[PDB]
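These notes concern the structure reproduced below.
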Amino acid sequence: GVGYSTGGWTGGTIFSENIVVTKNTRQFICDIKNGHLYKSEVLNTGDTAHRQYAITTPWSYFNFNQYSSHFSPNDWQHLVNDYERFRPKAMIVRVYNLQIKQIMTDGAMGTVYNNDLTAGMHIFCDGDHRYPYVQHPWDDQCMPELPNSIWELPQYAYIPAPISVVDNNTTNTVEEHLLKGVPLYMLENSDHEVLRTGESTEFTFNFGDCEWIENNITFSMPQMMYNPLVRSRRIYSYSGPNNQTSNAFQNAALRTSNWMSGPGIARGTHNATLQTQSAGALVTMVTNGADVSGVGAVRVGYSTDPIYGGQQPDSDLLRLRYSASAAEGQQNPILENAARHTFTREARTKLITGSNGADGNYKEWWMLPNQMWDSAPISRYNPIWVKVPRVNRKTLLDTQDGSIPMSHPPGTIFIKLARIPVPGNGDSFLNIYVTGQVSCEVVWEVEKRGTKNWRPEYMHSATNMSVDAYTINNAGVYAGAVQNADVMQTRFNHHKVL
Amino acid sequence: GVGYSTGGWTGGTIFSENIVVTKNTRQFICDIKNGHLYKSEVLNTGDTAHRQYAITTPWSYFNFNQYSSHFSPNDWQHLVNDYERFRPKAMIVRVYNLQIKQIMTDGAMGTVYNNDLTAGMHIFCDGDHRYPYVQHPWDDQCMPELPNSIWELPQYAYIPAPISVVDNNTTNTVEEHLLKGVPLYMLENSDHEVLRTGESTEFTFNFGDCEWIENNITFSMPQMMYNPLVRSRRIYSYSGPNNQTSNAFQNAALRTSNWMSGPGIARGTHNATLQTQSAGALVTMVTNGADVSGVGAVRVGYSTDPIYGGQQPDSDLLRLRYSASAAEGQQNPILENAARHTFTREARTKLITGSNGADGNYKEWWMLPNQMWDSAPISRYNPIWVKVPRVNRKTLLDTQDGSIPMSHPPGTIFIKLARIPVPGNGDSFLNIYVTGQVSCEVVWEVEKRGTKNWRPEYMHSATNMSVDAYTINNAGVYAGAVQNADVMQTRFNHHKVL
Amino acid sequence: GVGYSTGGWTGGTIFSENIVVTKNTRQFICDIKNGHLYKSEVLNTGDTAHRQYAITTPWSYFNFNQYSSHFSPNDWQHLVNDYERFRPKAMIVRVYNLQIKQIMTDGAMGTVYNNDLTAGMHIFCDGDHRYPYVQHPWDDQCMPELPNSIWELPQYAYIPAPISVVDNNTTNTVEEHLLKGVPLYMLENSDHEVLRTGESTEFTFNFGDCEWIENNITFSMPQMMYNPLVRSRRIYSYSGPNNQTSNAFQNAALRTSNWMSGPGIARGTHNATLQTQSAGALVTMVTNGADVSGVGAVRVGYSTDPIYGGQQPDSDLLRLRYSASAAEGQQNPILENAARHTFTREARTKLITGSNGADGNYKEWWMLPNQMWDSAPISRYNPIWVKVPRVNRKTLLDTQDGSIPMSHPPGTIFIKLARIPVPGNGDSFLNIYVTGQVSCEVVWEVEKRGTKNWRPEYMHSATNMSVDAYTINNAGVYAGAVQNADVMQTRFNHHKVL
Amino acid sequence: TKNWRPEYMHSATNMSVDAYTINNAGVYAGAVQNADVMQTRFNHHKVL
């Protein structure tokens, strides 16, 4: 059976008037995660750390949730420059050209690796989301930006419950009853495939009428939609001098609209020790009884950042910054938000208070009727989608991320080698690993749109990008975006009218 | 031929109004049992031990006779909570993804293992029961409760005759003539399969109109079926004061029925050294002549426990206790019987004797006409079936086990590696072993039933189960039921009327 | 709608070669039982009494479980004298000619009764046995033996649980957990009819292949089936004089058979205070934990009498005696068993012990293979059927009663007046009652059989019955059977061969 | 669900001894304590 290609190499991008197709293939690798066995572990223990409860599985998985993985920097450039809106339509993934080898470290020039035909590889796709979802936005280890760069699949693990609630089952009846109910998930529970070297498999996903990524900017606020030469009939009242009421007409080019800017909380900051404890501007803890005595919740609750939304944050360092990341050893931070070209995004509401004109700022602009704003921008390095949680109560939902929210996001494709046991049982097994190829073709629905704007428009040039931007250096090491110019932007480019 | 999946991984459970389907797959392993040769051995020699005569075979075998192996604890919960009766309908077993490797221990980093394509594996299914049956209730080594846990197949061996009868063939004409007739069974005697790595095989079994497992309890004894407000016409005689006979009518809410409780022997105890000698409340030895001088039969006969049946045992430690077991190194005992919710199960009959009311207890309630009772309970950890022996005389037959009795129980699937001999004959052979996957899909006929009972009913909650119950701990070690709460129960749940 | 017969009066009996049909109609009456409400009560409190836990319902019910109710004494005579076997085949019941009147006691010549057209009567038939069954053998208040005698329907009530187990819920965790689970049944739970005066309803039941009532006797024991002139070849061993073994042939007319007599316990007696506490030869208590400290079980368990079965009871007053009963104020006891004409019924087994001939009696003849005997007799006053409890374990089952056992016995027909509330609510209601007619036609499958016996046979004559037997006396008061002659018998009449 | 562990279930083993009953006067008692009422959001584990 072996000895046959069982696939090829797919790459490139094709642009059409209404569609774009990205084809990427990567060589992947997979170790024997864990002991071949599920483990209950406590991670992030630093004495003053957060310390979450987790289940670690013998499975590893593919994650495609990152634009950079599908578009070459050049492609992404034409995408953002030429199209006004776009969204993912369909994805087809293939796993093939599998090779499973066992590692024998003799001692003498050991680690010689030999093929093991007849050694199987499990591969399962959750599809319906029956197991805890992990494709969290911004996660590291996604399909590598550069083709020809190995993809080391990340091991699968999830958080069954907030560590704190069960912190003391012995010695607390509540934190104990809760602990009694903690769930447990294992994949062997469902049907899935097992492939020998001569085999392959394919998976296809269809984004529904998912949200569209709008790539446009205004220079005009919703409350600026009027004719400066025509006077409004409004006639407002105000406390005149001394004690009386007088009324007046704002002359033309001054008017009051029905629209307010986007909601959000512009204040707050980040924990200094965040790298070990919740760092979110928000923290949002829950304990149904429980204990959780004497800690900064910053060691109990879970962070959610950013928060400003349609408001201009009162201080920097609130800003959503990111790096291609994440391995220790030097990478450069960059912010998509750094360019600010649209005038529905960085709002600063104030109440009027006194008749002189003295204002009062709103560092917390809660939701109210008639608020209009544009979504946060994204860039080649942003994350494509976010699973919406299975809750029966949802609010307006704009992602601060810029990521496409969806109840049924691409399923997770898991894999793990067979647990080839061995005789002379001490509980051990054969040490093997897998390598193969993964191809992910994505069909993107694109839409081009024209304006009657006479003047030119901002365009990602690469004349304004770093000299490092997107390159290889004498060791075969690749450099992605090095500065905010490079990332490209959404809400950078096209002037709309409103 | 090799290099093809020749199977996949099947798992999960599906519930329907009248059916439930359990699908489990496990990775298995198999050594070269014995010398590759049959041996006549004497086991359990402890000087004061029982010491049985046995034939050990080069074969190993699969055993599926345990509920825990088919239902996940959660599944079993819904099964017992929601359905009133159920029974196995059909089983389909598959053996595939075979890999046969030979072990060379060089010395230098030895035990390197190499595949041996073209190395066959024998697999035979008795089906008709032509070879001594061994799927004895409660046996250890059955399909592992947790998927993803290796199944080490147990070697096959049986007891040709009670050791004692032949104990002295030389020096006793009877124990000798008997010995002359002892039989001998070997599997090479029948046709069976031989599979190379690229192959697989399947077996299907059909439980006939086998008995049903009833999951219900009463709170009402068969002799309590009457109206407390209506008087019975019976008019009994009794020895009145001094010397005369007078007669009377028990007023209403008092009555005498035709029904008696279930038979059984409530007395007796367990041998203290049982772990080496019959420990059964009963012992039941047979010797057609023979010798068998000067031993507690407890070293001759074979035990049969429990014995109380439809009676309440007069002392604890009669109770049928069990553990998932059985390897030495700490597991916890648990009893299914521990919950006692039905009022047909723990009976205590007494005869009246004297007219004052003085009773006489029956520690031995033998079989009599009109006895009504419910079968013993079972739990996820109980054994599914028991082969009924081929005898032409059978009694009423309720298993104290709770196991389903059947003349034609699932056949035994045996396997052993080919005896690859080697040149330079010193009688040796190539050291190889097998590993593969086994899938066992069972179709369970289920029946739901409703009551007119107004009040709520007992339900296995997991609010009442240990905090350990069913979990994994920092080493990838699994914990099943830790206390009697956890096992679930039969005769725990549903109120019937009678 | 009212003013129409909505029925007639059906009576008489018709005999055919293979069928007999009994038609009876009775005028019935029904009060408003309880407060119109269900009550949890403790009955039979006498300080030293049994004291059962019970639920009393606002419903009343019809019971037809008594031969005397269907056959006129004369009819029953021809039935037993002429037919050898018989059994109930089908029953059709009708409720009609309903009249509902309200009772106003003015004071002045009060209790004037006025019709209430538009006042409904609930009538429900359990049919499937969803509510606790109460047609217990020998119950008083069944369809009256004499037509033209009013039937006062007995109120419905049942025993949810043995009082003792819950005796102390406060102060005993076990007797408390049990109490938590006690069930509760109410009829409003199911659909049923509501009839105004102008209406009627009908119900039909079909006895399946229920057991047959055999009316025959032998004068020959199963171990007497041989030729006194032919010698048996058997040749038995016995301890001869001094110390040796000799063997011999029983000459002809002496033989040993394979048959033994019927099982049963011939000893024991009846409690002297039975009229308040279990009086059964047996008592059979069950307590799953519980308390039940310091009482003769005779105040805890439930009696089951008689017990001798196929054995001759060692003392009188064991004998199943009865009266048409049961209201206090003088009725005469009678026993069906008093005539003893068959020689399979009153057995007295003895073991031989010593070679001289010295026997040992078996006052407890438990069940054993090869036991042959005839069922207990019955009479016009015996009870027709007994519901077999819903248990999954049953023994041989001959009723000491003589009653036909059946899993699906005639359903119970319940009735209660509508709860006509009244304004000015103090929680009261209109006082009304119902009277109507009930007709019960039963089809009896009969079978006549002839013998080659030359001599005449015993026949219920009425030449051998009391002068009172079956009569009316100057007050319009009826007398049924006054002595054992009168009751007629089963196992009295026909000689069979075996 | 694919949850392996058991799940909370309204048992009536955890409900009052009064729960849902009739007492010597024909008076009915419904739920007497929070156990008895049953619950929604008590029972089934979902994934999100």
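On a straight-distance basis, which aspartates and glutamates could pair with A:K363 in a cross-link, Cα separation under 13 angstrom, same-chain partners fewer than 8 positions away excluded?
Of all the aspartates and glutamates, those that pass the test against A:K363 - Cα under 13 Å, at least 8 places apart if same chain - are A:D314, A:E346.
Toward the positive end of the charge dipole of chain A, about the Cα centre and with charges on Cβ (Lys, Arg +1; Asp, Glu -1), which of A:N356, A:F205, A:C30 goes farthest?
A:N356
Using the Cα gyration tensor of the range C:293-396, with a ≥ b ≥ c the square roots of its eigenvalues, what is the shape: rounded (a/c below 1.5), prolate (a/b larger than b/c) or oblate (neither)?
On the way: a/c = 1.64, a/b = 1.42, b/c = 1.15.
Prolate.
Within a 10 angstrom radius of the beta carbon, how do C:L282, B:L184, A:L320 rank from fewest other beta carbons to most?
B:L184, A:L320, C:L282
How would A:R196, B:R196 line up from fewest to most surrounding beta-carbon atoms within 10 angstrom?
On the way: A:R196 26, B:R196 16.
Listed from fewest to most nearby Cβ atoms, that is B:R196, A:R196.
Placing unit charges on C-beta atoms (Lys and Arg positive, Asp and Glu negative, everything else neutral), compute the dipole magnitude of chain B about its Cα centre in debye, rounded to 20.
Working: 39 positive and 45 negative charges, 384 e Å.
Taking the Cα centre of chain B as origin, the dipole is about 1840 debye.
Counting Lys and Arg as +1 and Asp and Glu as -1, each charge on the Cβ, what is the dipole of the range B:248-380 about the Cα centre in debye, to the nearest 20? Provide the component values of the computation, followed by the final result.
Working: 11 positive and 10 negative charges, 61 e Å.
Magnitude of the dipole: close to 300 debye.
Can you return the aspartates and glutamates within cross-link range of B:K89? Criterion is Cα-Cα under 13 Å, with same-chain partners fewer than 8 residues away left out.
Correct list for B:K89: B:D209, B:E211, B:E441, B:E445, B:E447.
Going by how many other Cβ atoms sit within 10 Å of their own, how do C:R255, A:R319, A:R345 line up, fewest first? Let's see the in-between values first.
On the way: C:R255 17, A:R319 14, A:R345 23.
The fewest-first ordering by Cβ neighbours comes to A:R319, C:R255, A:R345.
Using the crude model of +1 on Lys and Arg Cβ and -1 on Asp and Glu Cβ, and no other charge, please compute the dipole size for the protein assembly as shown relative to its Cα centre, in debye to 20.
Details: 121 positive and 138 negative charges, 360 e Å.
Here the size comes out at about 1740 debye.
Within the protein assembly as shown, what percent of beta bridges assigned by DSSP are antiparallel, to the nearest 5?
Numbers: 232 of 263 bridges.
Looking only at bridges with both residues in the protein assembly as shown, the antiparallel portion is about 90 percent.
Quick check on my link table: of C:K394/C:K496; C:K350/C:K448; C:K23/C:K387, which ones sit more than 28 Å apart, alpha carbon to alpha carbon? Write down the numbers at each step before the final one.
Values: C:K394/C:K496 30 Å; C:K350/C:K448 37 Å; C:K23/C:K387 24 Å.
Listed pairs above 28 Å: C:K394/C:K496; C:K350/C:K448.
Hey, got a sec? Which trypsin sites (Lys or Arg not before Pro) in the range B:372-445 land in a DSSP loop and have at most 10 other Cβ atoms within 10 Å? Show your work: numbers first, answer last.
Values: sites: B:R380, B:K387, B:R390, B:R393, B:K394, B:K416, B:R419; in loops: B:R380, B:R390, B:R393, B:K394, B:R419.
Filter output for the range B:372-445: B:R390, B:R393, B:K394.
As an exercise, use a Förster radius of 60 Å and the Cβ-Cβ distance of A:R455 and A:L274 to find the FRET efficiency, rounded to the nearest 0.05. The partial results should precede the final answer.
Numbers: r = 43 Å, r/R0 = 0.72.
According to the calculation, E is roughly 0.85.
Suppose only helical runs count, i.e. DSSP H with n ≥ 4. What mean residue ellipticity at 222 nm does that imply for the protein assembly as shown under -39500 (n - 2.57) per run, divided by all residues and rounded to the nearest 500 deg cm²/dmol?
Details: 6 runs with 57 residues, N = 1542.
Only helices count here, giving -1000 deg cm²/dmol.
Note down, for the range B:170-312, the three equivalent ellipsoid semi-axes (square root of 5 times each alpha carbon gyration tensor eigenvalue), biggest first, whole angstrom.
On the way: eigenvalues 587, 198, 44 Å².
Semi-axis lengths for the range B:170-312 are 54, 31, 15 Å.
Taking A:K39 as the anchor, which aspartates and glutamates have their alpha carbon closer than 15 Å to its alpha carbon, excluding any fewer than eight residues away along the same chain?
Once the sequence-local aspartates and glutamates are set aside, what remains near A:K39 is A:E188, B:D468.
Given a Förster distance of 51 angstrom, what is the FRET efficiency for B:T171 paired with C:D291, based on the Cβ-Cβ distance and rounded to 0.05? List each step's numbers first, then the result.
Numbers: r = 61 Å, r/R0 = 1.20.
Efficiency at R0 = 51 Å is approximately 0.25.
Quick one: give the max-minus-min coordinate of the C-alpha atoms of the range A:257-346 along each principal axis, largest first, in Å.
49, 44, 18
Loop-only chymotrypsin sites (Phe, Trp or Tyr not before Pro) in the range B:414-495, please: DSSP not H, G, I, E or B, and at most 16 other Cβ atoms within 10 Å. Walk me through the numbers before you get to the answer.
On the way: sites: B:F414, B:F429, B:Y433, B:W444, B:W454, B:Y458, B:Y470, B:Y478, B:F492; in loops: B:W454, B:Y458, B:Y470, B:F492.
The qualifying sites are B:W454.
Which distance in Å, rounded to a whole number, links the C-alpha centroids of the range C:247-314 and the range C:332-365?
14 Å
Provide the FRET efficiency to the nearest 0.05 for the B:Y158-B:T48 pair, computing r from the beta carbons and using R0 = 30 Å. The partial results should precede the final answer.
Working: r = 24 Å, r/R0 = 0.82.
For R0 = 30 Å, the calculated efficiency reads 0.75.
So for the pair B:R319, B:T111, with labels modelled 7 Å out along Cα→Cβ, what separation do we get in nm?
The two pseudo-label positions are separated by 4.3 nm.
Work the Kirkwood hydrodynamic radius out for the protein assembly as shown: mean of 1/r over every pair of different alpha-carbon atoms, inverted, in Å. Show your work: numbers first, answer last.
Numbers: mean 1/r = 0.0247 Å⁻¹.
It is 40.5 Å.
I'd like the distance separating the alpha-carbon centroids of the range C:152-188 and the range C:18-55, in whole Å.
Value for the Cα centre distance between the two parts: 17 Å.
Quick one: what Rg and Dmax do you get for chain C from the alpha carbons, in Å?
Spelled out, the Cα radius of gyration and Dmax of chain C are 27.2, 100 Å.
With label points built 7 Å along Cα→Cβ from the Cα atoms of C:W212 and C:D82, find their separation and express it in nm.
1.9 nm
Laboratory data are not the source of any read-out in this text; all were calculated from the coordinates shown. Please note: Cβ atoms are built from the backbone with ideal geometry, for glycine as well, and neighbour counts cover all protein chains shown.
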